[PDB]
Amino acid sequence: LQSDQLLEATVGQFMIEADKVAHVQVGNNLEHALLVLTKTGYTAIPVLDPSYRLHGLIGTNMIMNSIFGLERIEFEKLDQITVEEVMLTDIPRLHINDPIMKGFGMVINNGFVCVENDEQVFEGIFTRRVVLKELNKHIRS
């Protein structure tokens, strides 16, 4: 894309596709979510329902806050609590056809924003890195 086209593009053209996005499900326990976060190295990831609709975000700091006990880390709670009981549900959302400038504005306060289609099926994520890489390339010109 040329500079005069970039600001005319859509969020979907620059999102990380869902098949490359690490995620978990509302009904998984915190142990599984902590495993996925730790093994993928991401600090927060999408939470989907069984029909692939976005319901929230789950991150390592959220999980640790739920098991940090008075005197010890209550690791047994990882198997006893589900991610939907701990996940953040007030998250921003983008549509695949949203103008890219909307996404540029939404990553000011968010490291990534989830993207969905007309039927609320999860389509991928719109990340700061992709924005910064692209804007750098074009500013430099």
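Numbering starts at 1 and runs along the sequence shown. C-alpha atoms forming the largest set that superposes within 1.5 Å between two forms make up the rigid core.
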Of the two stretches 103 to 111 and 69 to 77, CA positions deviate more in 4 other deposited structures of this protein after rigid core alignment for 69 to 77
Looking at the deposited entry, does 71 to 79 or 54 to 62 carry the larger mean Cα B-factor?
-> 71 to 79
Of 21 to 29 and 129 to 137, the stretch with the higher mean C-alpha B-factor in the deposited entry is 129 to 137
Would the CA B-factor of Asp49 place it in the lowest, middle or highest third of its chain?
-> lowest
